[PDB]
Amino acid sequence: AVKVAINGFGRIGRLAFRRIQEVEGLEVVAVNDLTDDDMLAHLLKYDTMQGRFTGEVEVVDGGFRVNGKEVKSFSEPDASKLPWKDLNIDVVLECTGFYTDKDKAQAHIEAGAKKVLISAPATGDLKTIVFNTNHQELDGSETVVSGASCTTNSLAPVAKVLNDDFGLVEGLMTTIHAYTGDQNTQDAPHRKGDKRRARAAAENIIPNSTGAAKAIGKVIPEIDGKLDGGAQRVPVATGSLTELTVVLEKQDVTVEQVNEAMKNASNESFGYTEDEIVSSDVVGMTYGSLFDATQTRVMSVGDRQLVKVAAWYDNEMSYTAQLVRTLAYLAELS
Amino acid sequence: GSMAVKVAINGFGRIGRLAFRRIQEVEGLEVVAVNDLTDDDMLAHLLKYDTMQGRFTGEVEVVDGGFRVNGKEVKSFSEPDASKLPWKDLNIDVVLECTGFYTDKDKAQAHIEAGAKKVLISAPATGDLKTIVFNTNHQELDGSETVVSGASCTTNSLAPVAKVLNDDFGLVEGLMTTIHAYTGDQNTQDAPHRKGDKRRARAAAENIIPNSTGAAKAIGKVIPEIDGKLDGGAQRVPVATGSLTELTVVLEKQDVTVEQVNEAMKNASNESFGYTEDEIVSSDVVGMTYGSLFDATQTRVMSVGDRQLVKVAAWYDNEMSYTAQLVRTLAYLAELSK
Amino acid sequence: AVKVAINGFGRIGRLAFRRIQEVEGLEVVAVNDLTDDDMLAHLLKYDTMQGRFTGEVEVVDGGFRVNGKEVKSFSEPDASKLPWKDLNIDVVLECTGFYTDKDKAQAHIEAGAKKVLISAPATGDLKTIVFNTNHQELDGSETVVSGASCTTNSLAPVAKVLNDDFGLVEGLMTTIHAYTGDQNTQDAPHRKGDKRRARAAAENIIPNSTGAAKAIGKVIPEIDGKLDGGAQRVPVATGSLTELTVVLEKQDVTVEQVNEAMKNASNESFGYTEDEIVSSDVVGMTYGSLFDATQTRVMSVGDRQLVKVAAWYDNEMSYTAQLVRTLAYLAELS
Amino acid sequence: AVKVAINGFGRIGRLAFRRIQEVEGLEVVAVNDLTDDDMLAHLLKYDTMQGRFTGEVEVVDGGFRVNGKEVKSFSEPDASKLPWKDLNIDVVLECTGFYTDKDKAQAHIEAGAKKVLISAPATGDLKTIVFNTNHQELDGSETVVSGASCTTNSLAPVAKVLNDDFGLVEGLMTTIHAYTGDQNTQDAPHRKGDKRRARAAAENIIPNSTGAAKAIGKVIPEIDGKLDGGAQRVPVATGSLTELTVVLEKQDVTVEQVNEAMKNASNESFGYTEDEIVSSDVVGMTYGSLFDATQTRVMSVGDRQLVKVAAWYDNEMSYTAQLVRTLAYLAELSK
Ligand SMILES: NC(=O)c1ccc[n+]([C@@H]2O[C@H](COP(=O)([O-])OP(=O)(O)OC[C@H]3O[C@@H](n4cnc5c(N)ncnc54)[C@H](O)[C@@H]3O)[C@@H](O)[C@H]2O)c1
Ligand SMILES: NC(=O)c1ccc[n+]([C@@H]2O[C@H](COP(=O)([O-])OP(=O)(O)OC[C@H]3O[C@@H](n4cnc5c(N)ncnc54)[C@H](O)[C@@H]3O)[C@@H](O)[C@H]2O)c1
Ligand SMILES: NC(=O)c1ccc[n+]([C@@H]2O[C@H](COP(=O)([O-])OP(=O)(O)OC[C@H]3O[C@@H](n4cnc5c(N)ncnc54)[C@H](O)[C@@H]3O)[C@@H](O)[C@H]2O)c1
Ligand SMILES: NC(=O)c1ccc[n+]([C@@H]2O[C@H](COP(=O)([O-])OP(=O)(O)OC[C@H]3O[C@@H](n4cnc5c(N)ncnc54)[C@H](O)[C@@H]3O)[C@@H](O)[C@H]2O)c1
């Protein structure tokens, strides 16, 4: 099996560990964080939104044991000091949020890892990958790769269909997004100086920035610069919705045409539904994006149209499933 | 001679109780009677204590036939059929119709039959009546009306924004999403829904819930010159009050900037339409009395060549923002029939 | 198979349906509620806290079809008008909340049903059953039975151990309880005139009454009148905790003695844990009561002691699992 | 006026600032935190649970201006490096959560402050004060003082009445408590290694420890060791309840006797209600404890009784009001 180390055993890190248990060919041999083994094991076992871990978890000397298999744990904030060479790490899943740059993530390579896959958008000379939209741009020689964002994984397959089938002129996005760990529990100073993420997460509708639409060109180059938009963080603990409003080249477009085009492009990454679901219904789902045909709207005044669509995503498990698909493909290629 | 306008509140719910509270601070208007489907102890308690809007500042005491507020008697009734209420005997000038069950001109006429002079419905309503957003189209009321709609919370948030966009830039078309606080028409836990809505059927405080709204689709009732040019829906989310309306538009004027849009909105600001450049969140608008609060920090202009999309957002307290507007319209409607 | 009808396809009714799919010899052939079939099918498929239904549901002519088998649906507010005789109904699961009385529940017997099991405490000359505490009191001749309450199922096995091993003098209970459908979404008049259940359910700590401790004698006769207490409804959608503070006959009681006695009494209904869990960790669990050893306290001043214990329960699934156990047992005996 | 510096402009720090605007002869001249002035001014202006600050707040050179008064701001994590001598600080209101110990808080004294009042329980040789229960124990010479906890402030006036009027044998407590900033937004490693405070704050009933009952003897010495108990953190953003179950020496006790005793002891710190309120009703209240007569229970089996009572508190504003009362009193002494 391909030997995986997880750096940052947080929401994405732990869910990635869970997902990897189901993927033949990938094995987590080590985890790194900033805490004790009792804490690591406990948070793997128990998960507020994603439910209890299926297998058995036991704290042992040097880490924890999951279903018989030992996992080595470390508590090293400086990635360059990790014993990746000694453990023969093939790929690091970088999930801390503190190495979201090619040069920063290179620390893992210096430490002895063969490759790094970052669980977030990242700057620098690297490829940004949404599985089943642009993963074929990987050839296996890459040392550092980005798995994009939760929102980009929800948006990319939708934007691709709109452009391919109708011709995208321009568009604006709003994602109604579950609150995340970069937000405060109570009103308090925020480390990034963000006066909105400073506010009590579970008691507010909170406007905030996102790169998903603005930076869509890193995943779909042919629509580079044609999208922008933002986010509204709301009091659900996981589960999100991306709404997109577009101008198209094709004219006299119908709701039926848009839905059929989306249904035709469905796969394991891009789901299609006509059920009147709500955010809790997508918790734990493994589609990167779930197109909701019930929300499609077309505004027509004369020969001028606006087309609006919406797609659900579990910002946790939807993204994690996509990240692990990319991880496996990156591993297979090399 | 001159007297305070005698108001009766039908439906002592969220809007009804907040209207009562608001009227306490508006001179020339007095609530003499309330009607609901419960006991006086319950009515007094819910007036006194309010989860989101805070403790009532007056003194509330249950008495014979109703309750006393700061020494002033309010008559209470528990009659589901509006035509049976003693509006004649009580000399009722205007009924604030806040039950959600008389949202129709013919149905709301029951209050007029009962002896009230006028009815203002706290919601969109069917029939041949006028739909009024204060400080957008209230001057369309001539005084001959007997049944009027106070529009919706969302329409009150949307209308001043849509008017500025059209007046200054020319509205071609647009789409709206309101990120809206959950309301009493939603279930506490997943359960069958009275109106058959499979989404309002779901646990209100645990979900992002898509739902329809008339605000954009029916904007033409308030701003006739943009009839049919808007559409959109709602996303109900787990805040108990406080909402946001986002509007994405195509405009006639070219090379529009964020600065131009913000300045145009600021110039249109009044007691109904507020303006902010502060990075606020939903809890910051709870209890506010603007019908709509334009958030300049959320303005975006997408340009690709000569083609532009403009996006704006305005906050509203679906409860107090709408209530303040409703009371403004109430006062004006009574003023016309001196 | 035992032919089951569910009156009231609500939280307990639907979860009972789900659990029955896992029990050979138990079959739901009919459901009665006050809504359409599309609604019933949708709420079976999608569940905010309990997750997506495993199998597949299809709306048909008579009602709905689940995994091949058809389920008939009705809309009679008066249960005596239901065609239970024609459908040869063996047991009605009474889950509406409107027939919580022996004489009221008799409506189903008049309609043609052989037995009624009410999913709540009930007034009248009937047996109140907590599975694995007093289910042996059933002989199979009963026509109307109560499955008790969620809180009683959490409390009974704990109270029994305390009395058996230490001698119960007296106690007081508080359950920190998930909000339920008998509470309002927003501050509004309450149908029962309850000024506290009138308040916004998900925004408040709300004191309220319970019959679990006061009526414990219906399940454990030897401690009748020895307990009382109440509830505090809080903003979690499901998952609850029962705390019990008692005076005991035995002296010099220790935390270890209490925990060991509870562990020794553990079974499929009564769980034991030493893990530092929280409420979300018990969502979907099938124990009727999960004793939490980390919460045990003994206060000693001279020869006088107060003993405090706590047990978790999913007021939904914990109760439902117990109700179906009692159903299967009652159906087996005659 | 007594010159106050606030260390840690957080929930308690900011509410204390607001409360000090209500107290004559007490001025906040300086604030220290770990952020910039834009953020400090914003969080003073806008408050999710406690509402908008009514006055004018503007960012100026070297801090911010509130209602015509300049507040100097700093961003220094090491308290011994603060300019307290230069600013002539009379009392530091220590609200960071990182100086809850006599010897650690001495850093403020070394920096030039005359006194320190800690906004939490604290270790070391100091007094622990619940205003209107034991503030008379202060004489004005103390250099470092603890303002106790939110829970202790809710508990002490109740426990005192129960002992004075009925004779306290023993008791156990549970506080059903709003979630606070020491809890995580999502399930995540917890800085203090608490596996329960690690969990998503607003989605769980979370058992946790509290010292309020176990350490009541610091406030009421005559009942030292007679109480214990813990907390259940629940998804309300502020507003809490303390439930206390006791054995008393007085026999044949009634609900009426207990309720009357509590009402007789009511003052500006200890309120009394017979209304069927809920947690949101106490948000922003200034009583340290609100006794709820509707929740009083007496369980009798033979001559053996268990007595249960409950008191509400806004863990934020109730505690803050008490802290500022103690602050004013401490300042008034030795003037
Ligand atoms: N919905 C989501 O939560 C979501 C979705 C997609 C992507 N992401 C991205 O994934 C990353 C992690 O997000 P998360 O929500 O899991 O955050 P998290 O806080 O839950 O996880 C981060 C973990 O990394 C650990 N950590 C921090 N610094 C470290 C260091 N220097 N060395 C080792 N461990 C360290 C922390 O202890 C924590 O456990 C972020 O970049 C985020 O943008 C999050
Ligand atoms: N955000 C908002 O809550 C909001 C905003 C704008 C408009 N509205 C509209 O205002 C109306 C009331 O909404 P609400 O949120 O206050 O609902 P609510 O449920 O809180 O209030 C309705 C009240 O009317 C009472 N009632 C029902 N039928 C009655 C009858 N036949 N006779 C007398 N009383 C009766 C109920 O007991 C209840 O107290 C609705 O039409 C709604 O669409 C609501
Ligand atoms: N935690 C819990 O939800 C829980 C736990 C244990 C016991 N219970 C008990 O179970 C019962 C149901 O609880 P619930 O939470 O599922 O309530 P619910 O409101 O979710 O379900 C009740 C269902 O019964 C239907 N109904 C009402 N009147 C009817 C009638 N006359 N005829 C046919 N159907 C009717 C309603 O449409 C609704 O779908 C109650 O007695 C409750 O006390 C609930
Ligand atoms: N319910 C309550 O929130 C409550 C009630 C009673 C007592 N307390 C106590 O009050 C204290 C603060 O609680 P809070 O809820 O306001 O916490 P908080 O997180 O909201 O505020 C703490 C503030 O101190 C700042 N800070 C941290 N380290 C610092 C340093 N070294 N130098 C300067 N500033 C620093 C932080 O940036 C933050 O703004 C804690 O000891 C807590 O136990 C809290």
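Residue positions begin at 1 at the first shown residue.
A Cβ is built for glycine as well, from the same backbone N, Cα and C atoms used for every other residue.
Taken from Swiss-Prot, the feature NAD(+) binding site applies to D:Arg11, D:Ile12, D:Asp33, D:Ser119, D:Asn315. Residues or ranges marked as D-glyceraldehyde 3-phosphate binding site in Swiss-Prot: D:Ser149, D:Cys150, D:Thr151, D:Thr180, D:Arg197, D:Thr210, D:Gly211, D:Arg233. The active site, nucleophile annotation in Swiss-Prot covers D:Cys150 and rests on experimental evidence. As annotated by Swiss-Prot, site 'Activates thiol group during catalysis' applies to D:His177.
For the NAD(+) site, whose binding residues are given in the record as D:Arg11, D:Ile12, D:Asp33, D:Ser119, D:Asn315, the maximum C-alpha distance rounds to 21 Å. Residues D:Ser149, D:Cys150, D:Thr151, D:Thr180, D:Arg197, D:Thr210, D:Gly211, D:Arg233, recorded as contacting D-glyceraldehyde 3-phosphate, have a largest CA-CA distance of 18 Å. Cβ neighbours within 10 Å of D:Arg197 (D-glyceraldehyde 3-phosphate binding site), excluding its own Cβ and spanning all shown chains: 20.
D:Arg233 (D-glyceraldehyde 3-phosphate binding site) sits 17 Å from D:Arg11 (NAD(+) binding site), taking the Cα positions as reference. Fewest Cβ neighbours within 10 Å among the binding-site residues D:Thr151, D:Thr180, D:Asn315: that distinction goes to D:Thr180. A simple way to gauge crowding: the CB of D:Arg233 (D-glyceraldehyde 3-phosphate binding site) has 27 other CB atoms within 10 angstroms, across all the protein chains here. Note on D:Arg11 (NAD(+) binding site): other Cβ atoms within 10 Å of its Cβ, all shown chains, come to 25.
Proximity to chain A, taken as a Cβ less than 8 Å from one of its Cβ atoms, holds for none of the binding-site residues D:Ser119, D:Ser149, D:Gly211.
Proximity of the binding-site residues D:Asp33, D:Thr210, D:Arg233 to ligand 4, judged by a Cβ distance under 6 angstroms to any of its atoms, singles out D:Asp33 in sequence order.
When Cα-Cα distances from D:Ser149 (D-glyceraldehyde 3-phosphate binding site) are compared across the binding-site residues D:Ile12, D:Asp33, D:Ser119, the shortest belongs to D:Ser119.
Listed binding-site residues near D:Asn315 (NAD(+) binding site): D:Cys150, D:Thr151 (candidates D:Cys150, D:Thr151, D:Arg197; Cα-Cα distance within 10 Å).
Straight-line distance linking the Cα atoms of D:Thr210 (D-glyceraldehyde 3-phosphate binding site) and D:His177 (site 'Activates thiol group during catalysis'), rounded to a whole number, equals 11 Å. Taking the binding-site residues D:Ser119, D:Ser149, D:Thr210 in turn and counting surrounding C-beta atoms within 10 angstroms, the largest count is reached at D:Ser119. Around the Cβ of D:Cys150 (D-glyceraldehyde 3-phosphate binding site), the number of neighbouring Cβ atoms within 10 Å comes to 32. D:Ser119 (NAD(+) binding site) has none of the recorded positions D:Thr151, D:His177, D:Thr180, D:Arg197, D:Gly211 nearby, counting only those with a Cα within 10 angstroms of its own Cα. Checking the recorded positions (D:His177, D:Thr180, D:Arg197, D:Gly211) against D:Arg11 (NAD(+) binding site) with a 10 Å Cα-Cα cut-off leaves D:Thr180.
In the three-state DSSP reading, D:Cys150 (D-glyceraldehyde 3-phosphate binding site) counts as helix.
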